[PDB]
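Shown next as structure tokens: one chain only, the form deposited in one PDB entry.
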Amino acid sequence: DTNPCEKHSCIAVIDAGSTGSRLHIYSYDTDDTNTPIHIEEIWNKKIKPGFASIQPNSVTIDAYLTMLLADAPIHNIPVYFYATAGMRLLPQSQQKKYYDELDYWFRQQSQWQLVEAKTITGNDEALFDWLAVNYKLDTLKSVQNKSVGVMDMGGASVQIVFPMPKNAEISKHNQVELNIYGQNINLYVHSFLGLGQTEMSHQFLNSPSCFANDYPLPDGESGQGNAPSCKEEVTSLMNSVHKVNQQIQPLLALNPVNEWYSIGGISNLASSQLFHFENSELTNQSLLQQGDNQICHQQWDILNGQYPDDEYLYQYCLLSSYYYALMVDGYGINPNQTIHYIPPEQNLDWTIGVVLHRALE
């Protein structure tokens, strides 16, 4: 429609992630419970870097919010600004500086109506991850006979979320009950702060097994790639430090997931020119093999010169190893189980979940 928000409800949801912010404007209608239906993305804009990486002063906040919002084709609508793991790495005292400046920016203008601007927990983010994916799969309308699990592979945290009946023995913070479209859904949620790709990588930059042969490690040693070896190193951070296996595997053993979907960074890796997967799905076995043979075991100078257009390339041995460590050695997923990934051209994040669910923990 010419102006969609004249005939439908519209809100703006901003995903303020660790590596960038994404504005989405959604139009929707509501059913007879006032629940959104027919959700359509009418605009998006993605900027970098992340909000938490900028200096929190009025000039810098204005430049950033102007870049994010000023060219939108629709305004005069409510805005939800929800920041994720990049902000969670800062204490409340530091985050307050950002929100006081952001709140002032919104008060000083008239085109957007700020409703909320806050850092959400990783558990809230995980609920939104599951809602957004399941909305896109059309699995929310009716009671499913299949369990759908979602993983969001972010830059600073990763989330996992799947159906699990309410359990008096698990923290209330890791369990969510919602009623949507007249069904009652109970989920386990967990986020692992520091296990996102950027933050994790900072522990392995001097691991020769994690980089192509002769890659120049920052300590002056040479890469000598070997994905199974790098995977074992990353598993030590997953399990000896974060205890991912002990927290997740007993729960998935009791609440098996029939279909896994992943969003976040893994879509970019799996879709890159170095990897080959069909049907927008992968297995961990194939992901680790491809990284091992196409990056880890190659000569870095040669490979870098072959693929000059990919600034992410140098990390692909490490990332393929890390995803396997996280999914197989941490979550316990079978290396041969299909993991669907949402094509990156969709730019799909968790923001549709906010449209559907306005509460937070």
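By rigid core we mean the largest C-alpha set that fits within 1.5 Å across both forms. Residue numbers run from 1 along the displayed sequence.
What follows is about the form deposited in another entry, which we do not show.
Shift analysis on the rigid core between the shown form and the other one singles out 100 from 219, 138, 177, 100 (C-alpha displacement of 2 Å or more). Residue displacement note: residue 78 has its CA displaced by at least 2 Å between the shown form and the other one (rigid core superposed). When two forms of a protein are overlaid on their rigid core, residues whose CA moves 2 Å or more are considered shifted, and residue 68 is one of them between the shown form and the other one. For residue 50, the Cα coordinates differ by 2 angstroms or more between the shown form and the other one after the core has been superposed.
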